[PDB]
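Quick look at my_file_17.txt (compact mmCIF, C-alpha atoms and all ligand atoms):
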# COMPACT_ATOMS: atom_id res chain seq x y z
CA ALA A 1 -21.21 1.82 -0.83
CA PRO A 2 -18.44 -0.36 -2.35
CA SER A 3 -16.42 1.02 -5.20
CA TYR A 4 -13.87 0.05 -7.80
CA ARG A 5 -10.81 2.25 -8.09
CA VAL A 6 -7.55 2.13 -9.99
CA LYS A 7 -4.09 3.28 -8.86
CA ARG A 8 -0.85 3.31 -10.84
CA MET A 9 1.66 2.34 -8.17
CA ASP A 10 3.40 -0.59 -6.43
CA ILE A 11 0.73 -2.95 -4.99
CA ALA A 12 3.20 -3.62 -2.08
CA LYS A 13 2.35 -0.09 -0.85
CA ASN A 14 -1.45 -0.63 -0.98
CA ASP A 15 -3.75 0.92 1.67
CA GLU A 16 -6.30 -1.97 1.61
CA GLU A 17 -7.09 -4.66 4.20
CA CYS A 18 -5.65 -7.45 2.05
CA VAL A 19 -3.66 -8.00 -1.15
CA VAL A 20 -3.88 -10.38 -4.11
CA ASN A 21 -0.54 -11.70 -5.41
CA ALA A 22 -0.31 -12.63 -9.08
CA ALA A 23 1.31 -15.94 -8.16
CA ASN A 24 2.83 -18.94 -9.91
CA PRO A 25 1.57 -22.44 -9.19
CA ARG A 26 4.84 -23.43 -7.57
CA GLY A 27 4.49 -20.90 -4.78
CA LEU A 28 7.85 -19.40 -5.68
CA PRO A 29 8.85 -15.70 -5.25
CA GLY A 30 9.15 -14.84 -9.04
CA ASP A 31 9.50 -11.31 -10.66
CA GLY A 32 7.29 -8.15 -11.06
CA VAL A 33 4.19 -7.93 -8.73
CA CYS A 34 5.14 -11.28 -7.15
CA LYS A 35 8.67 -10.03 -6.33
CA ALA A 36 7.46 -6.86 -4.59
CA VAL A 37 4.94 -8.99 -2.71
CA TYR A 38 7.69 -11.43 -1.63
CA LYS A 39 9.82 -8.53 -0.35
CA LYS A 40 6.94 -7.00 1.62
CA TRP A 41 5.34 -10.19 2.92
CA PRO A 42 7.88 -13.03 2.64
CA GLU A 43 6.23 -15.14 5.44
CA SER A 44 3.11 -15.27 3.16
CA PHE A 45 5.05 -17.60 0.79
CA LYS A 46 5.05 -20.44 3.35
CA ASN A 47 3.15 -23.29 1.62
CA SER A 48 1.57 -20.80 -0.85
CA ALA A 49 1.57 -23.10 -3.89
CA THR A 50 -1.88 -23.49 -5.48
CA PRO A 51 -2.91 -24.75 -8.96
CA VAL A 52 -3.56 -22.56 -11.95
CA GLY A 53 -7.14 -21.18 -11.73
CA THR A 54 -7.16 -21.17 -7.92
CA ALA A 55 -6.32 -18.85 -5.03
CA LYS A 56 -4.95 -19.55 -1.55
CA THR A 57 -4.69 -17.19 1.41
CA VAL A 58 -1.63 -17.17 3.62
CA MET A 59 -1.55 -14.74 6.54
CA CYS A 60 1.43 -12.48 7.14
CA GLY A 61 0.79 -11.62 10.79
CA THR A 62 -2.87 -10.67 10.57
CA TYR A 63 -2.54 -9.28 7.01
CA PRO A 64 -4.00 -11.71 4.38
CA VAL A 65 -2.12 -12.34 1.15
CA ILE A 66 -4.30 -14.07 -1.41
CA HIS A 67 -2.09 -15.93 -3.90
CA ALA A 68 -4.13 -16.18 -7.13
CA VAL A 69 -2.69 -18.12 -10.11
CA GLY A 70 -3.79 -16.88 -13.49
CA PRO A 71 -2.99 -19.06 -16.52
CA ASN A 72 0.15 -18.54 -18.59
CA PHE A 73 -1.52 -18.06 -22.01
CA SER A 74 1.72 -19.33 -23.68
CA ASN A 75 0.75 -22.79 -22.34
CA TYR A 76 -3.06 -22.65 -22.59
CA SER A 77 -5.48 -22.63 -25.52
CA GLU A 78 -7.53 -19.37 -25.70
CA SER A 79 -10.62 -21.31 -24.59
CA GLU A 80 -9.03 -23.12 -21.62
CA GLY A 81 -6.94 -20.07 -20.58
CA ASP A 82 -10.11 -18.01 -20.43
CA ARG A 83 -11.82 -20.54 -18.25
CA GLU A 84 -8.80 -20.65 -15.90
CA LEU A 85 -8.58 -16.87 -15.68
CA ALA A 86 -12.32 -16.59 -14.77
CA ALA A 87 -11.87 -19.33 -12.18
CA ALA A 88 -8.87 -17.62 -10.47
CA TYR A 89 -10.87 -14.45 -10.02
CA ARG A 90 -13.81 -16.41 -8.67
CA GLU A 91 -11.55 -17.94 -6.02
CA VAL A 92 -10.28 -14.50 -5.09
CA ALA A 93 -13.94 -13.38 -4.48
CA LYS A 94 -14.46 -16.42 -2.21
CA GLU A 95 -11.34 -15.68 -0.16
CA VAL A 96 -12.19 -12.00 0.15
CA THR A 97 -15.69 -13.00 1.43
CA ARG A 98 -14.35 -15.65 3.86
CA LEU A 99 -11.84 -13.15 5.32
CA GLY A 100 -14.55 -10.56 6.06
CA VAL A 101 -12.33 -7.71 4.76
CA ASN A 102 -13.77 -4.30 3.77
CA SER A 103 -11.23 -3.74 0.94
CA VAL A 104 -8.79 -5.63 -1.36
CA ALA A 105 -5.83 -4.57 -3.54
CA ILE A 106 -5.84 -6.59 -6.78
CA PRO A 107 -3.65 -6.75 -9.94
CA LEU A 108 -4.95 -7.78 -13.36
CA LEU A 109 -3.98 -11.48 -13.62
CA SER A 110 -2.45 -12.91 -16.82
CA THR A 111 -1.73 -9.47 -18.40
CA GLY A 112 2.11 -9.46 -18.16
CA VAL A 113 4.55 -12.33 -18.72
CA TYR A 114 1.55 -14.75 -18.60
CA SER A 115 -0.31 -12.80 -21.37
CA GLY A 116 1.11 -14.92 -24.22
CA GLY A 117 2.18 -11.56 -25.81
CA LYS A 118 -1.45 -10.43 -26.17
CA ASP A 119 -3.28 -7.37 -24.71
CA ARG A 120 -5.71 -8.88 -22.16
CA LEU A 121 -6.66 -5.73 -20.16
CA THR A 122 -10.34 -5.99 -21.15
CA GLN A 123 -10.50 -9.82 -20.83
CA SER A 124 -8.86 -9.82 -17.39
CA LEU A 125 -10.72 -6.76 -16.03
CA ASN A 126 -14.12 -8.19 -17.08
CA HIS A 127 -13.43 -11.50 -15.25
CA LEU A 128 -12.35 -9.46 -12.19
CA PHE A 129 -15.66 -7.50 -12.35
CA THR A 130 -17.77 -10.67 -12.76
CA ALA A 131 -16.24 -12.20 -9.66
CA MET A 132 -16.03 -9.16 -7.37
CA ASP A 133 -19.51 -7.78 -8.27
CA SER A 134 -20.95 -10.30 -5.78
CA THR A 135 -18.79 -9.05 -2.90
CA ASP A 136 -19.25 -6.03 -0.58
CA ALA A 137 -15.53 -5.06 -0.53
CA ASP A 138 -14.03 -1.88 -1.96
CA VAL A 139 -11.67 -2.98 -4.78
CA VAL A 140 -8.50 -1.12 -5.70
CA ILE A 141 -6.88 -2.28 -8.96
CA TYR A 142 -3.16 -1.69 -9.16
CA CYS A 143 -1.32 -1.22 -12.46
CA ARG A 144 2.03 0.16 -13.56
CA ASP A 145 1.35 1.56 -17.05
CA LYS A 146 0.23 5.15 -17.59
CA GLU A 147 -2.18 4.13 -20.35
CA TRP A 148 -3.67 1.01 -18.78
CA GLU A 149 -4.56 3.26 -15.78
CA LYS A 150 -6.68 5.43 -18.18
CA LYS A 151 -8.40 2.46 -19.85
CA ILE A 152 -9.13 0.72 -16.51
CA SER A 153 -10.48 4.06 -15.16
CA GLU A 154 -12.75 4.55 -18.21
CA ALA A 155 -14.05 0.95 -17.88
CA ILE A 156 -14.90 1.54 -14.16
CA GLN A 157 -16.57 4.92 -14.96
CA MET A 158 -18.82 3.42 -17.57
CA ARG A 159 -20.54 0.91 -15.42
CA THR A 160 -21.72 3.66 -13.12
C1 LIG B 201 3.03 -15.20 -12.07
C2 LIG B 201 1.85 -14.53 -12.62
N1 LIG B 201 0.58 -14.92 -12.32
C3 LIG B 201 -0.50 -14.29 -12.84
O1 LIG B 201 -1.65 -14.66 -12.46
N2 LIG B 201 -0.39 -13.30 -13.75
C4 LIG B 201 0.82 -12.89 -14.14
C5 LIG B 201 0.85 -11.77 -15.13
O2 LIG B 201 0.97 -11.93 -16.36
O3 LIG B 201 0.76 -10.66 -14.64
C6 LIG B 201 2.04 -13.49 -13.62
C7 LIG B 201 3.42 -13.03 -14.08

Could you write out this file's structure as structure tokens?
Amino acid sequence: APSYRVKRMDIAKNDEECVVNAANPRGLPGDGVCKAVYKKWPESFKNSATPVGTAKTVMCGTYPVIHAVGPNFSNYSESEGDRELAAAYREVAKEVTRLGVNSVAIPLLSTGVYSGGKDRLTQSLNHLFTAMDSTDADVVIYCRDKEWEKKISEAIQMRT
């Protein structure tokens, strides 16, 4: 039975069948999650550019990297940013389904340098849930903060 789990570690060391990159729309290597991803799976950045609110899979060997582009909330209104964030997660769900994978490693999109300086843990996690609730894959959420791990864990626990 599929589950949601949270791990506080480098997503580049995930034990899932595919990874989601928190990507930029230019398909460029970048910093944070995206940098680690680039180091681990650099061939996945071939033609990886995709618009904000979309996701595009590029294979690294047979390992799928799903580049998902959350909005930078510095640029977007709260209303349009929210719509874009929901959309990116929805595209991730589609790619996960098309690939036939049993599990996916996912970061919370638009919660770091794209957060517009705002705490968006709940906003981002809820969009992730909405999208992935229609899939049969085990989901492992990767974060880096000690707290966020607790709050994500609590949020998972309370739906069961
Ligand atoms: C490049 C990038 N894309 C995202 O979807 N989210 C984030 C984020 O704020 O984590 C970044 C930095």

| field | Shortest interatomic distance to residue 51 of chain A - which of A:100, A:32, A:25, A:71, counting only C-alpha atoms | value | A:25

Once you add 4 Å to each side, what are the centre and edge lengths of the axis-aligned box holding all listed atoms of ligand LIG 201 (chain B)? One decimal in Å, as lines of an AutoDock Vina configuration file, if you can.
center_x = 0.9
center_y = -12.9
center_z = -14.2
size_x = 13.1
size_y = 12.5
size_z = 12.3

| task | Pick out the residues no farther than 6 Å from ligand LIG 201 (chain B), counting only C-alpha atoms and all ligand atoms, and list them as a ChimeraX atom specification. | result | /A:22-24,69-70,109-115

| said: I'd like to know which of A:59, A:106, A:140, A:156 is closest to residue 126 of chain A, using only C-alpha atoms. | reply: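 Closest candidate: A:156.
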
| Pick from A:132, A:11, A:65, A:28 nearest to residue 97 of chain A, counting only C-alpha atoms |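 Closest residue, counting only C-alpha atoms: A:132.
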
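Minimum atom-to-atom distance to residue 94 of chain A, evaluated using all atoms listed in the file, belongs to A:135 out of A:135, A:79, A:62, A:74.
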
| query | Given the choices A:68, A:155, A:143, A:58, which gets closest to residue 84 of chain A if the distance is worked out from all atoms listed in the file? | reply |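 Using all atoms listed in the file, the shortest distance to residue 84 of chain A belongs to A:68.
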
| query | Rounded to one decimal in Å, what is the spacing between atom CA of residue 52 of chain A and atom CA of residue 107 of chain A? | reply |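 Going from atom CA of residue 52 of chain A over to atom CA of residue 107 of chain A, I get 15.9 Å.
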
| Nearest to residue 42 of chain A by atom-to-atom distance, counting all atoms listed in the file, from A:108, A:160, A:54, A:27 |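 Of A:108, A:160, A:54, A:27, the one nearest residue 42 of chain A is A:27, counting all atoms listed in the file.
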
With all atoms listed in the file counted, which protein, DNA or RNA residues have an atom no more than 9 Å from (-10.0, -19.1, 2.9) in the file frame? Please answer as a short mmCIF file (atom, residue, chain, number, x, y, z; two decimals) with C-alpha atoms, in the frame of the given file.
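Wrote part_34.cif, looks like this:
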data_model
loop_
_atom_site.label_atom_id
_atom_site.label_comp_id
_atom_site.auth_asym_id
_atom_site.auth_seq_id
_atom_site.Cartn_x
_atom_site.Cartn_y
_atom_site.Cartn_z
CA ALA A 55 -6.32 -18.85 -5.03
CA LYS A 56 -4.95 -19.55 -1.55
CA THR A 57 -4.69 -17.19 1.41
CA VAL A 58 -1.63 -17.17 3.62
CA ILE A 66 -4.30 -14.07 -1.41
CA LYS A 94 -14.46 -16.42 -2.21
CA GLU A 95 -11.34 -15.68 -0.16
CA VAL A 96 -12.19 -12.00 0.15
CA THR A 97 -15.69 -13.00 1.43
CA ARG A 98 -14.35 -15.65 3.86
CA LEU A 99 -11.84 -13.15 5.32
#

| said: To one decimal place in Å, what is the distance between atom CA of residue 40 of chain A and atom CA of residue 4 of chain A? | reply: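 Those two atoms sit 23.9 Å apart.
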
| task | Work out how far atom CA of residue 17 of chain A is from atom CA of residue 104 of chain A, in Å to one decimal. | result |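 We find that atom CA of residue 104 of chain A and atom CA of residue 17 of chain A lie 5.9 Å from each other.
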